[PDB]
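> Can you keep this structure in mind? I'll have questions shortly.
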């Protein structure tokens, strides 16, 4: 029960850390619809690609 | 008979090679077919923008 | 120009334009063509690109010359007005955007077809058109806005 608590307290520090960096990905680029994202950060380093 | 005959007692080394050829090649010929449709789909998304 | 309405049950429901090398017809509409020499054209279904087979002979070839890429955002010769943007279609006013007039081409200032409309009945205050374009080197692109009913 301790072992499944260590994993669970470390899994909730993932979605508060991965999505925190993911929220800092696209909000500089969601405010610029006339700018093109780089393909290094579009697919590899961050998740959401260009949408039309 | 002193022994017990199993299910794979009669299959030789040549007959095992024809089984792997007639299964592995036909499985990869769909996998290549499945991966072919995953290439032009990525290409068509690049052509849209 | 040269465009052919599609005859279905006595009323007009679509326009079949012709480009130099290959004729066109909207897939989402149906009916009969209005030309005797276009009755031998082999009808086929295709993808969302609205692809038809232009097997017309040389007797009526080279009607409307196509336009290349690098389209300027200036004036364009729309049949009921004008379009003044490149990446998106211009916000055409109300009145235009009724029903049953798909496949109408968009002309250039040099008399060249650059696009074929497909849909966009009504979006509200303005109207966006789901139209086909050529992106960078001549590759055919189908472009659609959000919530575009076919028209």
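Throughout, read-outs are computed from the coordinates displayed, never taken from laboratory work. Note that we place each Cβ from the backbone using ideal geometry, even for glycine, and neighbour counts take in every protein chain shown.
> Mind ranking C:73-84, C:30-41 by how tightly packed they are, going by the mean number of other C-beta atoms within 10 angstrom, highest first?
Packing order, densest peptide first, comes out as C:73-84, C:30-41.
> What do you get for Rg/Rh over the protein assembly as shown if you use C-alpha atoms and the Kirkwood form of Rh?
On the way: Rg = 27.9 Å, Rh = 23.5 Å.
Radius of gyration relative to Kirkwood radius: 1.19.
> Also, quick follow-up: Taking each residue in B:42-48, count the Cβ atoms of any other chain within 10 Å of its Cβ, then average. What number comes out?
4
> Classify the range C:36-151 from the C-alpha gyration tensor, please: rounded if a/c falls under 1.5, else prolate or oblate depending on whether a/b exceeds b/c.
Cα axes put the range C:36-151 in the prolate bin.
> What whole number of Å gives the distance from the Cα centroid of the range C:46-102 to the Cα centroid of the range C:22-45?
With the range C:22-45 and the range C:46-102 each reduced to a Cα centre, they are spaced 17 Å.
> Mind checking C:133-141 for the average number of partner chain beta-carbons within 10 Å of each residue's beta-carbon?
For this peptide, the per-residue mean of nearby foreign Cβ atoms is 2.
> Please state the shape class of chain B: rounded when a/c is under 1.5, otherwise prolate if a/b exceeds b/c and oblate if not, all from the C-alpha gyration tensor.
Prolate, because a/c is 1.5 or more and a/b exceeds b/c.
> Build a GNM of chain C with springs between Cα atoms under 10 Å: which of C:50, C:70, C:101 gets the top mean-square fluctuation?
C:70
> Now for a separate question. Looking at the P(r) of chain A, how many percent of alpha-carbon pairs lie beyond 16 Å?
On the way: 689 of 1326 pairs.
When all Cα pairs of chain A are counted, 52 percent exceed 16 Å.
> Further, regarding this structure: Quick check on packing: order C:126-134, B:15-23 by the mean number of other C-beta atoms within 10 Å, highest mean leading.
C:126-134, B:15-23
> Here is a follow-up. From the Cα gyration tensor of the range C:1-71, with a ≥ b ≥ c the square roots of its eigenvalues, which class applies: rounded if a/c is under 1.5, or else prolate if a/b is larger than b/c, or else oblate?
It comes out prolate by the Cα gyration axes.
> Here is a further query. Using square roots of five times the C-alpha gyration tensor eigenvalues, list the equivalent-ellipsoid semi-axes of the range C:65-123 in whole Å, biggest first.
On the way: eigenvalues 78, 32, 20 Å².
For the range C:65-123, the semi-axes come out at 20, 13, 10 Å.
> Next question, about the same structure. Using alpha-carbon pairs under 8 Å, 6+ residues apart, how would you state the relative contact order of chain C in percent?
20 percent
> Could you check what % of the DSSP bridge pairs in the protein assembly as shown are antiparallel, to the nearest 5?
95 percent
> Working from Cα positions, state the angle (0 to 90°, nearest 10) between the long axis of helix A:18-30 and the longest principal axis of chain A.
10 degrees
> Something else about it: Between residue A:10 and residue A:34, what length comes free when the chain is fully extended (0.36 nm per residue of separation minus the Cα-Cα distance, one decimal in nm)?
The residue A:10-residue A:34 span can extend by a further 4.8 nm.
> If you don't mind, another one. In the range C:1-34, which residues have a backbone nitrogen under 13 Å from the label point lying 7 Å from residue C:62's Cα in the Cα-to-Cβ direction?
It comes to C:20-21, nothing else.
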